[PDB]
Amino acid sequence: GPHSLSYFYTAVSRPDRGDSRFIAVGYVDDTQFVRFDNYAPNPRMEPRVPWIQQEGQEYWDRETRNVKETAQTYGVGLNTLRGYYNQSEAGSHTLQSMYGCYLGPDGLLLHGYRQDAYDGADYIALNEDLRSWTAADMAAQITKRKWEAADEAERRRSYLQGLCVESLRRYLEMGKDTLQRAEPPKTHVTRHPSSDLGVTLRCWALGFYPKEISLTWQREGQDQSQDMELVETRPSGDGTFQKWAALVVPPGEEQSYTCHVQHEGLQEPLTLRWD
């Protein structure tokens, strides 16, 4: 699918104690490329992958300044929301923000988004048209009236249609050899007995990128999806991902089951079996 640039902000109040902490991470597709964390002294926006390191000092200065000012805004925001909900000043709360753009075939914004959450729940979000907001509750409706009167949606739209996509197309170039390379998973099937009438067959997918993948089991061409164990896709540690799908079968029917792996890194979808 289409490439995307996205940022994820987490602000956490520390009462008090008596300030916040603010963390930002930036991704291109499933690859983290920058981070900011004012838990560190003299905080700076910093590179998290080789290909971004080549940005000049002015970029890093501008990004740093920008996020530090954003951190201040979220510090104030936490105080404001505590007020909206008439909550105790002694408790810590979270304000999360999620925004990004997707690149279309014409090199323009395919679609963009901006979503915010308070204490882990939807608070306010920009609608698909990038021109109106959806408030989750009465408190968010106060924020909404402020953002409507302030032209926040129009600034967001211009960013998403402008700087966001422009930056994305740039990063995609800089990190060509890695961002635009599909890394197929290395696969195999393992067997793990249990009692006499149970045997776990596990289909592995290792070191793949991007994150999107399909692992399914079939019993003579019939899907076995409902008794299948599917783990959450997990980071390999090197920028790639891992995943596996297991299912218990009769200790003799091993040959009667097939694992099917679909990943854009493959030439053809795979069909694995236990040997």
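Numbers follow the displayed sequence, beginning with 1.
Novice: Check the entry's C-alpha temperature factors for 156 to 164 and 187 to 195, then say which stretch has the higher mean.
Specialist: That would be 187 to 195.
Novice: Can you tell me whether 175 to 183 has a higher mean C-alpha B factor than 112 to 120 in this record, or the other way round?
Specialist: Comparing 175 to 183 with 112 to 120, the higher average CA B-factor belongs to 175 to 183.
Novice: Which listed residue, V28, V67, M228, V49, has the largest C-alpha temperature factor in the record?
Specialist: Of the candidates given, the C-alpha B-factor peaks at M228.
Novice: Taking the values exactly as deposited, rank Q96 by C-alpha B-factor within its chain and report the matching third: lowest, middle or highest.
Specialist: Its C-alpha B-factor belongs to the lowest third of this chain's values.
Novice: Determine, from the deposited record, the chain-internal third of the Cα B-factor for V249: lowest, middle or highest.
Specialist: CA B-factor rank for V249: highest third.
Novice: Based on the entry's values, in what third of the chain does the Cα temperature factor of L201 lie: lowest, middle or highest?
Specialist: Its C-alpha B-factor, which the entry lists for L201, ranks in the highest third among residues of this chain.
Novice: Once the chain's modelled residues are ordered by C-alpha B factor and cut into thirds, is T240 in the lowest, middle or highest one?
Specialist: Tercile = middle for this residue's CA B-factor.
Novice: Going by what the PDB entry lists, where does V34 fall on CA B-factor within its chain: lowest, middle or highest third?
Specialist: Tercile = lowest for this residue's CA B-factor.
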